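Peer 1:
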Amino acid sequence: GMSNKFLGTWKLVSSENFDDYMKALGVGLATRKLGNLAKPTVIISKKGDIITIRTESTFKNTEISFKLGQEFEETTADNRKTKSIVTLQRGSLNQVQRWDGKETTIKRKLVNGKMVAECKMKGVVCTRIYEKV
Ligand SMILES: CCCCCC/C=C\CCCCCCCCCC(=O)O
């Protein structure tokens, strides 16, 4: 299952190309401006086989709970209603969100003890690096 090294609290320390990623998602300017300033914490926890990913920031909080391989309904931080799934691949915790004929992926992987989230929509790739705190 998911590595226990994911469990805990993570703080954003770097974000590359997030504005264009939000644009690709259809997020408007005022929201993007606040999204570009946000430096969330992400809390990953488990209970049994249910994993929870909670994001906290001044602007927006989100939370998803899921079992690996089992599709679920999600509310995103930009207020999309998606059909989502999280699965593993080579230890990477990989999320797909689908809505309205569109798709985005968020792949969260451990790299030298940092959590790296790669976020792809259309051609746009955004990389967000988190430190464990
Ligand atoms: C919830 C805090 C970060 C987002 C703040 C701006 C809100 C809405 C715009 C849409 C953002 C959707 C992507 C959220 C980030 C996913 C990748 C990550 O966990 O780093």
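The sequence shown begins at -1 in PDB author numbering and counts up one residue at a time. The beta-carbon is built from N, C-alpha and C at its ideal position, and this holds for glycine as well.
DSSP state of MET0, grouped into three classes?
Peer 2: Locating residue 0 in the sequence shown gives position 2, where the first residue counts as 1. Of the three classes helix, strand and coil, the one that applies to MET0 here is coil, per DSSP.
Peer 1: What does the Cβ neighbour count give for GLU72, buried or exposed, with the cut at 16 atoms within 10 Å?
Peer 2: For the purposes of this step, residue 72 is identified with residue 74 of the sequence shown, where counting begins at 1. Buried, because 16 or more other Cβ atoms sit within 10 Å of the Cβ of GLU72.
Peer 1: Go through its chain and collect everything with a Cβ distance to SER90's Cβ below 6 Å, but skip five positions before and after it.
Peer 2: Stepping through the sequence shown from its first residue, residue 90 is reached at position 92. Taken in chain order, the residues that qualify are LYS105 and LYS107.
Peer 1: For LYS58, verify whether its CB is less than 6 Å away from any heavy atom of ligand 1.
Peer 2: Counted from its first residue, the sequence shown places residue 58 at position 60. The answer is yes for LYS58.
Peer 1: Out of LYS79, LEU86, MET113 and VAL109, state which residue places its alpha-carbon closest to the alpha-carbon of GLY99.
Peer 2: Start at 1 with the first residue of the sequence shown, and residue 99 comes out as number 101. Of the listed residues, the one whose Cα sits closest to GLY99 is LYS79.
Peer 1: Write down the C-beta distance between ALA36 and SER55 rounded to the nearest angstrom, noting that I regard them as a contact closer than 8 Å.
Peer 2: Along the sequence shown, one-based indexing puts residue 36 at 38. Along the sequence shown, one-based indexing puts residue 55 at 57. Sure, about 4 Å apart at Cβ, within 8 Å.
Peer 1: According to DSSP, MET113 sits in a beta bridge with which residue or residues?
Peer 2: In the sequence shown, residue 113 corresponds to position 115, counting from 1. The partner list for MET113 (beta bridge, DSSP) reads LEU108 and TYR128.
Peer 1: To the nearest angstrom, report how far apart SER82 and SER63 are at their CA atoms.
Peer 2: As a working mapping, residue 82 is identified with position 84 in the sequence shown. As a working mapping, residue 63 is identified with position 65 in the sequence shown. Taking the straight line joining both Cα atoms gives about 11 Å.
Peer 1: Have a look at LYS31 and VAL109 and give me their C-alpha separation to the nearest angstrom.
Peer 2: Mapped onto the sequence shown, residue 31 falls at position 33. Mapped onto the sequence shown, residue 109 falls at position 111. Approximately 28 Å, taken between the alpha carbons.
Peer 1: Distance, Cα to Cα, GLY24 vs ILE48?
Peer 2: Position 26 of the sequence shown, counting from 1, holds the residue named residue 24. Position 50 of the sequence shown, counting from 1, holds the residue named residue 48. Going from the Cα of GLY24 to the Cα of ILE48 covers about 30 Å.
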